[PDB]
Each structure stands twice: as C-alpha cells, then as structure tokens.
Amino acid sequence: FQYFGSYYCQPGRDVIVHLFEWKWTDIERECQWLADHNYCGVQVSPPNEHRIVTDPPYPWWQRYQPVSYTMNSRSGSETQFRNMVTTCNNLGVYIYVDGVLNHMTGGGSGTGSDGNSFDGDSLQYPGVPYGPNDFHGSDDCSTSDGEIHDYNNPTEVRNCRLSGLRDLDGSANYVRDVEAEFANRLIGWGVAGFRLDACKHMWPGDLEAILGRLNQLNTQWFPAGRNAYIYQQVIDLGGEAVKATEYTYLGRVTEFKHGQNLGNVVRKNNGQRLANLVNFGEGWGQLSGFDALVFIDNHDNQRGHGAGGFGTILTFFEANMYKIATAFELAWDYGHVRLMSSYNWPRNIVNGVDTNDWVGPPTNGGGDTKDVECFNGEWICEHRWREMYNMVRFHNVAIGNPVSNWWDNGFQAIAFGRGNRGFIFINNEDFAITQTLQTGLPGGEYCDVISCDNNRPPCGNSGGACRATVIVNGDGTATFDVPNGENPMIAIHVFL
C-alpha cells in the first residue's frame, strides 16, 4: 500500500495557511511574504469549475458544488492557477488543493464558473461527463428524501446525499478514473497535496482506490518517488458510527476535537482550566499527533457550523482569546498546524445561527473577488498578525525539541519550554503574576516576541507595546512579570 500522510517542506518551514477565497494572483504575490516568514504552504479554495449561485448572490459555499474538473474558478483562470503554483513552488511555498470528490451540485440547473451547464435534477454534468449511472440513488440510499439523517448508520452517511448534494458513486471505476485524472493533472502542474472535502461521506476503500491511481510529485520541485500529501476532512467529535481512525491509514485527518478542546479551555467554558493542558494531545482522546492536521478554526466552524454553534470555537472575532489558543497550538508539539486566514463578513447571530453565514469574499459585484489588502476591515490576514507569525518563528526554532520545564499555578496560568530553544508563559488569569522559573534557555537578554519584533535587543517596537527585555540568569531561571488582559503571554526564544 501507499501512505499519503507525510508532507514535504523546505528546511525551517512547517506551518500551512488556508488563504480562504483568495484569488490566484494574490496567493502568488503572498508566497514571497510567506517564504520570508517561513511558512511551508497554502491550502487553496476549490479551483475546479463550480456552481455560480446568484440567490443568494455569490456565496462562499458555491465553490463546494463542483460542475466539472476544468480549472476556471472564482479565484481565477487555469493560467493564473499555474502561474501561482510555479511561482510559489520556486519560492519553496507549496500548494494544497481543496479537493471536492464526494458530490457535484445540489438540485436545480445552471452554468458553472467555466461555462459548462449542470442539472442536479437529471444528474447531468456534461463537462465531466457524468450521468445518473455515476451517482448513488434509490438503490443505495433508503431515506425518504434521499438525504442523510442517521449518523449512526455508516451506509446512510456515505451513500445518501449530504444536504441534497448529489452523491457520486465512488465505487465505480469510471468515477475513480475521472477523479484521479483531475488530481493527477494538478499534481502534474506542481500541486503538492490535497485537503479532501467531506471524507466522512466517502468510503475509505473508495478513497484508497482513488489514491492508488495518483502519480508521484513533480520532480521539477519535489524529490523523486514522493507521494502527494493528503489530509482528509473527517468531522469526528465522537458519538457517531464514522470515525477518524478509519481514515488514518490513508493519510492525515483533520482533528476537530483539537479546536473544540482548546476553545473550551481558553474560554474557561464550564470550569475549564488552562492548567489541564499539561497533557494536551492524544491523551485527551484525540488522534496521535503524527496522523493529525490541527487548527483552532476553519472556514465552516468560524461560521457556527461546528459543535456548540458559537460559544466554543475561537475565531478572529474573539481575537485576544484566539491569539492565546493559537500561540499555545504553535508552541506545543502536536499535529501538523494549519492557520485559518479569513475575510470579514456581517456575522449576525440570531437564535444561535448566523443569518449571514452565506456571504462570500470581499467583492465589487458580479461574483468577482477584490484584490487582497490586509487589515483594511475586509481581509483579516491572521497569518500576518505579529503574534501569529512570531509564534510561527518560535514554532520553527523549537522544531524537534520536546516540551520541557512545564509549570502551572493549578488554574489559568501555564508555562513551558521546548528543549533549550524557546519558552512561553501564558497568563489567562485576571491578575498579574511575577514568577521565576527554569526556562531551559541559555543566559542572556531576550525580547518578548508576542509584543516585540525581534528575539534579541534591539527588540523593535513596531506594534507600540513591546515589553521590557526578559533576563535569563546564568542558571536558566528567568523572572517573568506577566500581566493580565491583552496579549497576556510572553514568549522568548533563541536564533535559528
């Protein structure tokens, strides 16, 4: 068998970013910034021909309804996609395609983003081509409306329609061949891997058959004999018949418990305590780190589509807590870390549901997408926040070192190091703390990289609130004066 859960990064780089609904021209430009800040790669929105939905006007979710496997999408043309992949690969920042293989469109008919028609009522997709024989139907799904209802029934979850999305027959050799041709075309252009959408709704054996058809990566950039990187979106918070552990033999799996648990802890929901993170990871009932793709939020659950609705998951709308959770995730050693990168929208929670959760990316109309301008109130650019990218640098310097020198106060303050490379103190209490601890670091003067620009003096004050330098004594102990409130954490580390 082939295993696909191993990614490939340039030395010093590891973290990936979901540039949600970014155009190809903007990602191509961003790859220089990403390389300079030693990110490893970018998850891109579905790049194949997708539905154009005009009621409501051009929602983000139209891109999760494929119309064909041509490569003209809201983010740009096939030419712009290949320009992006070439430029990014040449910079050592790789591309992971959001691959939508479980389904085509919902009901109704229309014209996709590349001019091909679709008809969900007659199951006709002439741009592929698919017809009714290529879909699950009444022979495979016994629910009255043909949709999924009982998530304790794996056959229903995998053969019925997710919210009416016409469900492809992944057991058929024709569908397996067509979908592998799509993936291999993108690998041939230089794509490094795939975020596979809706994997809980597909049979592992069908995924195995598709992945077995894949070509290895393009040796213009990648080592000879290297499998594509595959991570699978499987939503598994327990209490269902489909499990994340069914998919880990194929590749990595999205661990949604990770963001649920860190969200509840940092929010202090129902008496949670930051000190409980002392054993965070697989010991919390999660996937092993080697099999997991981890993240604080993603494009679905920042819109309330995850467990709890709103109130557990942390997003850029809860920026201070979001930064605390992301800093912990980046400083810890658990999973392949993905950072969400978002756009603003008029989130309007009524009875626990966002009435405006459909709104697409910043647009001037007609279904276009604006050019990105970070921090303009429309593009959030979390990956460009100093607290984020400086903790990515911390994460990179710490690579290969275990967690060491753990301390906690029993409640909402913790601290720990990564070997002799970095140390972080997180004060989620409502009072200030002065505490001397073994940091494990060599004696010297360090800057707090949460508030400052650099890791050593001169610390750099581009954010205006760079804290006083931290002195690590000869014995490695440092005295941490850590305040409560905004950015209530100090992180120090050595040079690469």
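Residue numbers here begin at 1 and follow the sequence given.
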Quick one: higher average CA temperature factor, 334-342 or 231-239? 231-239
On average, are the C-alpha B-factors higher in 452-460 or in 429-437? 452-460
Highest CA B factor of 284, 423, 96, 389, as deposited, is found at 284
Going by the entry, which of 138, 315, 356, 248 has the most elevated CA B factor? 138
If you rank the chain by CA B-factor, which third does residue 446 end up in: lowest, middle or highest? highest
Once the chain's modelled residues are ordered by C-alpha B factor and cut into thirds, is residue 406 in the lowest, middle or highest one? middle
Sorting by Cα B-factor within the chain, modelled residues only, which third would residue 375 end up in: lowest, middle or highest? middle
Just say lowest, middle or highest third for the CA B-factor of residue 19 relative to the other modelled residues in its chain. lowest
Divide the modelled residues of the chain into thirds by Cα B-factor and specify which third, lowest, middle or highest, holds residue 32. middle
